[PDB]
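Enquirer: I am attaching a structure below and will ask some questions about it afterwards.
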Amino acid sequence: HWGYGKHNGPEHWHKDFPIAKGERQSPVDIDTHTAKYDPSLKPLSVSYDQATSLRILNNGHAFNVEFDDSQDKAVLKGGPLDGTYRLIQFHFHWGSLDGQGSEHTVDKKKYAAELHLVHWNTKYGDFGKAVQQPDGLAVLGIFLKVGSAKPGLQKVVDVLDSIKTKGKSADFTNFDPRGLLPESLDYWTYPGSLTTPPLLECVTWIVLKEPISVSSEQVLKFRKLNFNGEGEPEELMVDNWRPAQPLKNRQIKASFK
Ligand SMILES: [Zn+2]
């Protein structure tokens with residue numbers, strides 16, 4: 001029964017998931033001045049041409065758009081990664097106000113929202129096996145600032161009215177995730193974990209330096225979703241983000257100067 005409230009929020013997670021106080025926990029504050037520029041980092045290979053979405057689902061914490069990951073259709077290569085990573089699903093973390101919502105911060109700067117494209121390493125067979133390996137997952141974090149509208153996001157926004165409550169799902173085919181990327185693929189990378197329970201420490205994080213712009217009307221329909229299920233008292237799905245965690249014995253690396 002974890003959530004983002006007062007009595008089950010991220011401050012209560014360690015009592016049911018003691019790994020929450022682990023070494024490689026996410027998110028963290030990306031200090032751009034201590035981030036070490038690594039010239040040995042290859043450019044990110046974002047191959048989303050043959051991406052095949054299936055369904056968008058409200059799971060009571062966010063909304064996931066699920067992709068067909070039984071083949072190499074939308075993969076992420078290069079960068080700090082060794083091998084191939086299949087795109088399985090993506091989700092957003094947003095806040096009740098435009099000055100908060102992102103899980104990662106850039107010099108303590110909180111963005112309005114953060115997009116998380118979750119991938120799993122193909123050399124482990126499926127997602128359930130990849131989460132149990134330190135190099136099993138790779139999430140492509142992308143910040144969202146409130147400005148001009150993002151066209152490629154409009155299909156996701158218009159379908160949120162059909163998945164208002166927890167447990168609701170709807171067909172979501174032929175969505176291109178390439179429309180959610182910024183112009184530049186400069187990134188920071190560091191070893192981390194899932195930012196939600198079970199908080200498994202298995203994620204290679206890739207956080208793009210450049211954010212994407214979305215309109216206030218686009219993010220205002222994120223905030224119309226509900227944590228609760230149908231027929232229950234309404235609790236708006238806002239502030240579904242985990243605050244930063246101690247970096248501890250970790251060095252964040254950059255692909256740019
Ligand atoms: Zn996430």
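In the structure tokens, chains take the letters A, B, ... in the order shown, each chain's residues start at 1, and ligands count up from 1 in the order shown.
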Produce a table with one row for each residue of chain A that has an atom at most 12 Å from any atom of ligand 1, each row naming the nearest atom pair and its distance in Å at one decimal; use only C-alpha atoms and all ligand atoms; arrange rows by chain and rising residue number; format as a Markdown table.

Expert:
| residue | atom | partner | partner_atom_place_in_ligand_line | distance |
| --- | --- | --- | --- | --- |
| A:26 | CA | ligand 1 | 1 (Zn) | 9.5 |
| A:27 | CA | ligand 1 | 1 (Zn) | 9.1 |
| A:61 | CA | ligand 1 | 1 (Zn) | 9.9 |
| A:62 | CA | ligand 1 | 1 (Zn) | 8.6 |
| A:63 | CA | ligand 1 | 1 (Zn) | 10.2 |
| A:64 | CA | ligand 1 | 1 (Zn) | 9.8 |
| A:89 | CA | ligand 1 | 1 (Zn) | 10.3 |
| A:90 | CA | ligand 1 | 1 (Zn) | 7.9 |
| A:91 | CA | ligand 1 | 1 (Zn) | 6.2 |
| A:92 | CA | ligand 1 | 1 (Zn) | 6.4 |
| A:93 | CA | ligand 1 | 1 (Zn) | 6.3 |
| A:94 | CA | ligand 1 | 1 (Zn) | 10.1 |
| A:101 | CA | ligand 1 | 1 (Zn) | 11.2 |
| A:102 | CA | ligand 1 | 1 (Zn) | 9.4 |
| A:103 | CA | ligand 1 | 1 (Zn) | 7.8 |
| A:104 | CA | ligand 1 | 1 (Zn) | 9.9 |
| A:113 | CA | ligand 1 | 1 (Zn) | 10.5 |
| A:114 | CA | ligand 1 | 1 (Zn) | 7.8 |
| A:115 | CA | ligand 1 | 1 (Zn) | 7.1 |
| A:116 | CA | ligand 1 | 1 (Zn) | 5.0 |
| A:117 | CA | ligand 1 | 1 (Zn) | 8.0 |
| A:118 | CA | ligand 1 | 1 (Zn) | 8.0 |
| A:119 | CA | ligand 1 | 1 (Zn) | 11.6 |
| A:138 | CA | ligand 1 | 1 (Zn) | 11.3 |
| A:139 | CA | ligand 1 | 1 (Zn) | 8.1 |
| A:140 | CA | ligand 1 | 1 (Zn) | 9.5 |
| A:141 | CA | ligand 1 | 1 (Zn) | 8.0 |
| A:142 | CA | ligand 1 | 1 (Zn) | 10.3 |
| A:143 | CA | ligand 1 | 1 (Zn) | 11.4 |
| A:192 | CA | ligand 1 | 1 (Zn) | 12.0 |
| A:193 | CA | ligand 1 | 1 (Zn) | 10.0 |
| A:194 | CA | ligand 1 | 1 (Zn) | 7.1 |
| A:195 | CA | ligand 1 | 1 (Zn) | 5.9 |
| A:196 | CA | ligand 1 | 1 (Zn) | 7.0 |
| A:197 | CA | ligand 1 | 1 (Zn) | 10.5 |
| A:199 | CA | ligand 1 | 1 (Zn) | 10.6 |
| A:203 | CA | ligand 1 | 1 (Zn) | 10.9 |
| A:205 | CA | ligand 1 | 1 (Zn) | 10.7 |
| A:207 | CA | ligand 1 | 1 (Zn) | 11.8 |
| A:240 | CA | ligand 1 | 1 (Zn) | 9.2 |
| A:241 | CA | ligand 1 | 1 (Zn) | 7.9 |
| A:242 | CA | ligand 1 | 1 (Zn) | 8.9 |
| A:243 | CA | ligand 1 | 1 (Zn) | 11.9 |

Enquirer: Quick one: residues within 12 Å of residue 36 of chain A, only C-alpha atoms counted, chain neighbours fewer than 3 positions away excluded, as a CSV table (one decimal) with N, CA and C atoms, in the first residue's frame?

Expert:
chain,number,residue,atom,x,y,z
A,30,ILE,N,21.6,16.2,-9.9
A,30,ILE,CA,22.7,16.2,-10.9
A,30,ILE,C,23.5,17.5,-10.7
A,31,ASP,N,24.6,17.5,-10.1
A,31,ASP,CA,25.4,18.6,-9.9
A,31,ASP,C,26.3,18.8,-11.2
A,32,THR,N,25.9,19.7,-12.1
A,32,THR,CA,26.6,19.8,-13.4
A,32,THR,C,28.0,20.2,-13.3
A,33,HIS,N,28.4,20.8,-12.1
A,33,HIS,CA,29.8,21.2,-12.0
A,33,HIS,C,30.7,20.2,-11.5
A,39,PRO,N,35.1,11.4,-22.1
A,39,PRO,CA,35.2,11.4,-23.6
A,39,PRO,C,35.0,10.0,-24.2
A,40,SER,N,35.1,8.9,-23.3
A,40,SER,CA,34.9,7.6,-23.8
A,40,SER,C,33.5,7.2,-24.0
A,41,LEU,N,32.5,8.1,-23.7
A,41,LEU,CA,31.1,7.7,-23.9
A,41,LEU,C,30.8,7.9,-25.3
A,187,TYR,N,23.8,13.9,-22.4
A,187,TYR,CA,23.2,13.2,-21.3
A,187,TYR,C,24.2,13.2,-20.1
A,188,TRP,N,23.7,12.9,-18.9
A,188,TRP,CA,24.4,12.5,-17.8
A,188,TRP,C,24.1,11.0,-17.5
A,189,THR,N,25.0,10.3,-17.0
A,189,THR,CA,24.8,8.9,-16.7
A,189,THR,C,25.4,8.5,-15.3
A,190,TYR,N,24.7,7.6,-14.6
A,190,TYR,CA,25.1,7.2,-13.3
A,190,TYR,C,24.4,5.9,-13.0
A,250,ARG,N,29.2,7.5,-5.6
A,250,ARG,CA,28.8,7.5,-7.0
A,250,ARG,C,29.3,8.7,-7.7
A,251,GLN,N,29.8,8.6,-9.0
A,251,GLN,CA,30.2,9.7,-9.8
A,251,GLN,C,29.3,9.8,-11.0
A,252,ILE,N,28.7,10.9,-11.2
A,252,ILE,CA,27.9,11.1,-12.4
A,252,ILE,C,28.8,11.6,-13.6
A,253,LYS,N,28.6,10.9,-14.7
A,253,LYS,CA,29.4,11.3,-15.9
A,253,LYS,C,28.6,11.9,-16.9
A,254,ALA,N,29.3,12.7,-17.8
A,254,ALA,CA,28.6,13.5,-18.8
A,254,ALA,C,29.2,13.2,-20.2
A,255,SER,N,28.4,13.3,-21.2
A,255,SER,CA,28.8,13.0,-22.6
A,255,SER,C,29.1,14.3,-23.3
A,256,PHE,N,29.1,15.4,-22.7
A,256,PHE,CA,29.3,16.7,-23.3
A,256,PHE,C,30.2,17.6,-22.5
A,257,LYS,N,30.7,18.7,-23.1
A,257,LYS,CA,31.6,19.6,-22.4
A,257,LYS,C,30.8,20.9,-22.1

Enquirer: Using only C-alpha atoms, which of A:60, A:167, A:3, A:78 sits nearest residue 44 of chain A?

Expert: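 Under the stated criterion, the closest residue is A:78.
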
Enquirer: Write out, as JSON lines, each residue of segment 9-68 of chain A that has an atom at most 12 Å from segment 180-186 of chain A, together with the closest pair of atoms and their distance in Å to one decimal, counting only C-alpha atoms, rows going by chain and rising number.

Expert:
{"residue": "A:37", "atom": "CA", "partner": "A:186", "partner_atom": "CA", "distance": 11.0}
{"residue": "A:38", "atom": "CA", "partner": "A:186", "partner_atom": "CA", "distance": 11.8}
{"residue": "A:41", "atom": "CA", "partner": "A:186", "partner_atom": "CA", "distance": 10.5}
{"residue": "A:42", "atom": "CA", "partner": "A:186", "partner_atom": "CA", "distance": 10.6}
{"residue": "A:43", "atom": "CA", "partner": "A:185", "partner_atom": "CA", "distance": 7.8}
{"residue": "A:44", "atom": "CA", "partner": "A:185", "partner_atom": "CA", "distance": 6.8}
{"residue": "A:45", "atom": "CA", "partner": "A:185", "partner_atom": "CA", "distance": 9.3}
{"residue": "A:46", "atom": "CA", "partner": "A:185", "partner_atom": "CA", "distance": 9.1}
{"residue": "A:47", "atom": "CA", "partner": "A:181", "partner_atom": "CA", "distance": 11.8}
{"residue": "A:48", "atom": "CA", "partner": "A:181", "partner_atom": "CA", "distance": 10.5}

Enquirer: Please produce a file of those selected residues containing N, CA and C atoms, as an mmCIF file, in the first residue's frame.

Expert:
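Output contents, as saved in part.cif:
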data_model
loop_
_atom_site.group_PDB
_atom_site.id
_atom_site.type_symbol
_atom_site.label_atom_id
_atom_site.label_comp_id
_atom_site.auth_asym_id
_atom_site.auth_seq_id
_atom_site.Cartn_x
_atom_site.Cartn_y
_atom_site.Cartn_z
ATOM 1 N N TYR A 37 33.120 14.945 -17.242
ATOM 2 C CA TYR A 37 32.973 14.706 -18.672
ATOM 3 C C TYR A 37 33.805 13.496 -19.077
ATOM 4 N N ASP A 38 33.131 12.454 -19.565
ATOM 5 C CA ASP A 38 33.792 11.232 -19.993
ATOM 6 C C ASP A 38 33.881 11.227 -21.511
ATOM 7 N N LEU A 41 32.543 8.056 -23.681
ATOM 8 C CA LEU A 41 31.132 7.746 -23.865
ATOM 9 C C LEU A 41 30.760 7.878 -25.336
ATOM 10 N N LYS A 42 30.107 6.854 -25.869
ATOM 11 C CA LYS A 42 29.647 6.877 -27.245
ATOM 12 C C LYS A 42 28.335 7.646 -27.347
ATOM 13 N N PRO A 43 27.991 8.136 -28.537
ATOM 14 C CA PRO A 43 26.688 8.787 -28.704
ATOM 15 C C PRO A 43 25.554 7.796 -28.503
ATOM 16 N N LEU A 44 24.460 8.291 -27.933
ATOM 17 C CA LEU A 44 23.303 7.442 -27.694
ATOM 18 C C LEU A 44 22.678 7.003 -29.010
ATOM 19 N N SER A 45 22.352 5.718 -29.095
ATOM 20 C CA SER A 45 21.641 5.159 -30.240
ATOM 21 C C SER A 45 20.189 4.959 -29.824
ATOM 22 N N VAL A 46 19.324 5.869 -30.256
ATOM 23 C CA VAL A 46 17.897 5.803 -29.966
ATOM 24 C C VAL A 46 17.214 5.336 -31.246
ATOM 25 N N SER A 47 16.943 4.038 -31.330
ATOM 26 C CA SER A 47 16.330 3.425 -32.506
ATOM 27 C C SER A 47 14.871 3.121 -32.171
ATOM 28 N N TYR A 48 14.000 4.104 -32.406
ATOM 29 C CA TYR A 48 12.574 3.978 -32.129
ATOM 30 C C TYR A 48 11.736 3.943 -33.403
#

Enquirer: Calculated over only C-alpha atoms, which of the candidates A:221, A:155, A:209, A:248 has the smallest distance to residue 174 of chain A?

Expert: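 Comparing A:221, A:155, A:209, A:248 against residue 174 of chain A, the winner is A:155.
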